[PDB]
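Consider the single chain below, provided in structure tokens and representing the form deposited in one PDB entry.
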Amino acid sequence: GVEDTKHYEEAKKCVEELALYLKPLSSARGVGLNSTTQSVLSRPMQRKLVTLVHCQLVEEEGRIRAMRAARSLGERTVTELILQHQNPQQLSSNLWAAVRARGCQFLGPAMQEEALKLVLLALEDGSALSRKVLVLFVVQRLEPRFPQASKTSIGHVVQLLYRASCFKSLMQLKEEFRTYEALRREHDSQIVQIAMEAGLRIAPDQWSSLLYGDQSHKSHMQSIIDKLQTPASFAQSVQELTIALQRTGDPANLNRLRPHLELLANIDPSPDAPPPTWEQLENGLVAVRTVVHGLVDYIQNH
């Protein structure tokens, strides 16, 4: 076209403004005291900003890299927004409330492990049992050992495996889930998905505490989280931030960032992606400037 240069100039201006947030004080948490002048931008955010800033927008290859970098920055931004907004003291309560609202339940690390191993004792041979019969089998063995357990709560553990698509009036375990390691993984993954859909962001260390009551299942939880990551993850995470914000009313109007974030999520990150037009380059960089500006402002004020 002949607007190519003009698009370049706007794109360059966006990147210039973003680069200012990497300067030692521009993103300070608070200027009241030297001890609080640390940047609000996490190490991943700073890495991803440096990567974008380094893109040569005067070369096609540089423009392709800038779009990938804009997408990566925007996806991390949603996570940072959720994390800053998130109330650590209400986290476990919001998690179990989300689980229980779906008629599911996590009885606790020792009780849940036992419930699942009992389900396997009944079903690992391929038997197809009615729900009432399976629940009864589990309750008769579990309840004397864990008096807090009940027929109602075991039914909820069974519903969680059901909602996790582990089965198939009659319940039969899929062949792939007829071992404890496989069944437990799918169970754990379902809880993580419930948490994410509730707008929660929980790290592998805390997941290990919540689901296992120790710190020796971090890599396992990290594995689960990573297998849930797809190209659709960024767009869904935008909708999940919305849930998190509605839990408290969104006084900062973070919801205004939605269209910009959704534009970024629509960026095709694959290497077989056609280079961006100049228009797409400008729009993408405006969007990522707007959201990073949004994040920094949110943290510095809240």
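Residues carry their position along the shown sequence, with the first being 1.
J.: Could you bin the unmodelled part of the deposited chain lying between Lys168 and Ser169 as none, 1 to 3, 4 to 9, or 10 or more?
T.: Going from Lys168 to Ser169, the model skips 4 to 9 residues of the deposited sequence.
J.: Should the higher mean CA B-factor in the entry be assigned to 93-101 or to 147-155?
T.: Higher mean C-alpha B-factor: 147-155.
J.: Tell me which stretch has the larger mean Cα B-factor in this entry, 23-31 or 41-49.
T.: Per the PDB record, 23-31.
J.: If you compare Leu211, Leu136, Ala195, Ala128, which has the highest Cα B-factor in the entry?
T.: In this record, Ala128 carries the highest C-alpha B-factor of the candidates.
J.: Ranking every modelled residue in this chain by its Cα temperature factor as given in the entry, which third contains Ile267?
T.: Highest third, going by the recorded CA B-factors of the chain.
J.: Quick one: classify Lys132 as lowest, middle or highest third of the chain based on its Cα B-factor.
T.: Highest third, going by the recorded CA B-factors of the chain.
J.: Within this chain's modelled residues, let me know which third the CA B factor of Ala235 belongs to: lowest, middle or highest.
T.: Tercile = middle for this residue's CA B-factor.
J.: How does the C-alpha B factor of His220 compare with the rest of the chain: lowest, middle or highest third?
T.: Middle third of the chain for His220's C-alpha B-factor.
J.: Going by what the PDB entry lists, where does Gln86 fall on CA B-factor within its chain: lowest, middle or highest third?
T.: According to the entry, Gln86 has a C-alpha B-factor in the chain's middle third.
The discussion below concerns the form deposited in another entry, not included here.
J.: So the motion between the shown form and the other one is one rigid part turning against the other, right? Then which of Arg145, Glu181, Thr230, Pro271 is at the hinge?
T.: Considering the domain motion between the shown form and the other one, the hinge residue is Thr230.
J.: Compared with this form, is the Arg43-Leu210 Cα separation smaller or larger in the other form, the difference being 3 Å or more?
T.: Nearer in the other form, by 3 Å or more.
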